[PDB]
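# Descriptive analysis of the structure
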Amino acid sequence: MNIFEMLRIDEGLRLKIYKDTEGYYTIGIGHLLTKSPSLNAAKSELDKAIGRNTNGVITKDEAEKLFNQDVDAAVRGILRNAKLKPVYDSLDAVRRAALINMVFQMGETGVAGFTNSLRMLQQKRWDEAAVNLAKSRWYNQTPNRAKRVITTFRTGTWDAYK
């Protein structure tokens, strides 16, 4: 298990434009296209992303390509963020993966606001952190996924993804 496999489990793989858990047009392995209500808007973003006229459909390779870019972007986000970086740097690899997952899901900004949770993480107060992390819209809207990531922060193992 690794961050790619982990996210691939959480996000799935769909080759046609689909809607998010939030109702937003997405494709591939959780590649958000646009928050816009317009399907055409989404198709436009898709074509720009891929570099061809896709008409809403992509290949597996293309999905993985966007995925790889997305993963990279999440890390890059973390590294650049003054609240995130110090936490990330303090964590072991497995736990780093959990943080990347969250950022992949809710964005750098969203995650950087979990001030109390981030602090507990830095303090390596695993159980406490896990408790704090669940007190969120994140957890209530995507409880099974949140439970997995939280478990991962709690234990520093991949048991939730086994």
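Residues numbered from 1 in each chain as written, not as in the entry; some residues may be left out. Heavy atoms only, no water.

Structure determination for this entry is recorded as X-ray crystallography, at 1.8 Å resolution.

Another point: the overall build of the protein chain. The helix and strand tally for the protein chain stands at nine helices and three strands. Computed over the C-alpha atoms, the radius of gyration of the protein chain is 16 Å, within 12% of the 15 Å expected from 2.2 N^0.38 for a compact globule of 162 residues. With the C-alpha coordinates aligned to their principal axes, the bounding extent of the protein chain is approximately 50 × 30 × 30 Å. Intrachain contacts of the protein chain at a sequence separation of at least 6 include 50% that bridge at least 24 residues. By element, 48% of the accessible surface of the protein chain is carried by carbon and sulfur atoms, the whole surface being about 8,400 Å². Separation of charge centres in the protein chain, based on 26 positive and 18 negative side chains, amounts to 4 Å. (Helix = DSSP H or I, 4+ residues; strand = E, 2+ residues; numbered from the N terminus. Rg over C-alpha atoms; globule rule 2.2 N^0.38 Å. Contact = heavy atoms within 4.5 Å. Areas by Shrake-Rupley, 256 points an atom, 1.4 Å probe, with all protein chains shown as cover. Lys, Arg positive; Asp, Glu negative; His and termini not counted. Charge placed at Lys NZ, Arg CZ, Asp CG, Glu CD.)

A few words on the sheet that holds strand β1 (residues 14-19). Sheets are built from strands that pair by backbone hydrogen bonding, the pairs being arranged parallel or antiparallel. On the basis of which strands lie adjacent, the open sheet formed by three strands has the order β1-β2-β3 and antiparallel pairing. What marks the edges here is a single partner per strand, and that holds for β1 and β3 (31-34). Ignoring strand direction, the axes of neighbouring strands in this sheet form an average angle of 25°. Relative to strand β2 (residues 25-28), β1 runs antiparallel, the two sharing three bridges. (Pairing = 2+ DSSP bridges. Axes fitted to C-alpha atoms, helices over the stretch in contact; angles between N-to-C directions.)

What follows concerns helix α1 (residues 3-11). For α1, the full list of buried residues reads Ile-3, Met-6, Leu-7, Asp-10 and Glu-11. One side of α1 carries all its buried residues, which in axial view fall inside an arc of 115°. Capping of α1 at its N-terminal end is provided by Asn-2; its side-chain oxygen lies 2.9 Å from the backbone amide nitrogen of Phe-4. Remark: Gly-12 follows α1 within two positions and exhibits a positive phi of approximately 75°. (Buried < 20%, exposed > 50% of the residue type's maximum accessible area, 1.4 Å probe, protein only. Arc of directions from axis to C-beta. Polar contact = N/O pair within 3.5 Å; in protein donor to acceptor, adjacent residues only side chain to side chain.)

This part takes up the nonpolar core. In terms of nonpolar packing, the biggest core is built from 38 residues, with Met-6, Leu-84, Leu-99, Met-102, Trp-138, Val-149 and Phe-153 touching the most fellow members. Elements supplying a minimum of two residues to this core: α1, α3 (60-80), α4 (84-90), α5 (93-112), α6 (115-122), α7 (126-133) and α9 (143-155). The dominant element in this core, judged by the number of residues it contributes, is α5, at ten residues. Setting aside residues up to four positions removed in sequence, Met-6 forms contacts with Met-1, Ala-97, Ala-98, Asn-101, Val-149, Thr-152, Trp-158 and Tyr-161. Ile-27, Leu-46, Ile-58 and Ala-63 belong to the second-largest nonpolar core, a separate cluster that totals ten residues. (Core = buried A, V, L, I, M, F, W, Y, C linked by side-chain atoms within 4.5 Å.)

Interhelical geometry of α1 versus α5 gives an angle of 40° and a closest axis separation of 10 Å. Judged on the interaxial angle alone, α5 and α1 are oblique. The handedness of the crossing between α1 and α5 is right-handed. Packed against α1, whose contacting residues are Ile-3, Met-6, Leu-7, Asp-10 and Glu-11, the element α5 presents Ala-97, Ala-98, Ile-100, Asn-101 and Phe-104 at the interface. (Parallel < 35°, antiparallel > 145°, perpendicular 65-115°, else oblique. Left-handed = near helix turned anticlockwise from the far one by under 90°.)

Further remarks concern the environment of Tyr-139. With respect to the helices and strands, the residue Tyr-139 is situated in helix α8 (residues 137-141). Separated by ten residues in the primary sequence, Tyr-139 and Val-149 have C-alpha atoms spaced 10.0 Å apart. Residues within four places of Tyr-139 in sequence aside, it is in contact with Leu-133, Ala-134, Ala-146, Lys-147 and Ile-150.

According to UniProt, the "active site" feature falls on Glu-11 and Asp-20. Within the fold, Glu-11 resides in helix α1. With relative accessibility at 17%, the residue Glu-11 sits in the buried group. What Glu-11 contacts, discounting residues up to four positions off in sequence, is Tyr-18, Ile-29, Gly-30, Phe-104 and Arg-145. (UniProt positions renumbered as here; feature names shortened; annotations may be inferred.)

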